[PDB]
Amino acid sequence: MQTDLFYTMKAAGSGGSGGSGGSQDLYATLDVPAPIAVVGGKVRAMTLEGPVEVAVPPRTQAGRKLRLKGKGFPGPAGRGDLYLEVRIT
């Protein structure tokens, strides 16, 4: 299928990358319940290519910025990234 995973590099403890150059990167909202965030299950992430079943990292707390490669526009890095706003419900 279209992909597997993206933020397996940095998700639970991303720190921060970018914030300069062209506006390649994007913003989305990732809806996740408390136990799927704790264990790291799955949720649906909405991107430029439509929906993707993205496997949540372990020990995710509300406000983490997950990073989906190729789901932003090509620019400074050549590949824009989609910043997922994790929402614990």
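Method of determination, as annotated in the archive: solution NMR.

> Whenever I open this one, unusual backbone geometry confuses me. Can you help?
Negative phi is the rule for most residues except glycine; trans is the rule for most peptide bonds. For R59, which is not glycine, the phi dihedral falls at a positive 65°. Among the residues examined, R59 registers a relative accessible area of 65% and is labelled exposed.

> How do you make sense of the sheet that holds strand 5 (residues 81-88) when you look at a structure like this?
Hydrogen bonding along the main chain pairs the strands of a sheet, whether they run parallel or antiparallel. Strand order across the open sheet formed by three strands is 1-5-4, with mixed pairing between neighbours. Each end of this open sheet is capped by a strand with a single partner; those strands are strand 1 (26-32) and strand 4 (65-69). Neighbouring strand axes in the sheet, compared pairwise and without regard to direction, differ in orientation by 35° on average. For strand 4 and strand 5, the ladder comprises five bridges, and the chain directions are antiparallel. Counted as the bridge partner of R67 is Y83 from strand 5.

> What is the right way to look at the environment of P33 in this model?
Relative to the assigned elements, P33 resides in the loop between strand 1 and helix 1 (34-39). On the basis of relative accessibility, which here comes to 28%, the residue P33 falls in the partly exposed class. Sequence-wise, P33 and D4 are 29 residues apart; in three dimensions their C-alpha atoms are separated by 21 Å. Once you skip the residues sitting within four places of it in the chain, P33 turns out to touch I88 and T89.

Definitions and cut-offs
- Residues numbered from 1 in each chain as written, not as in the entry; some residues may be left out.
- Heavy atoms only, no water.
- Buried < 20%, exposed > 50% of the residue type's maximum accessible area, 1.4 Å probe, protein only.
- Pairing = 2+ DSSP bridges.
- Helix = DSSP H or I, 4+ residues; strand = E, 2+ residues; numbered from the N terminus.
- Axes fitted to C-alpha atoms, helices over the stretch in contact; angles between N-to-C directions.
- Contact = heavy atoms within 4.5 Å.

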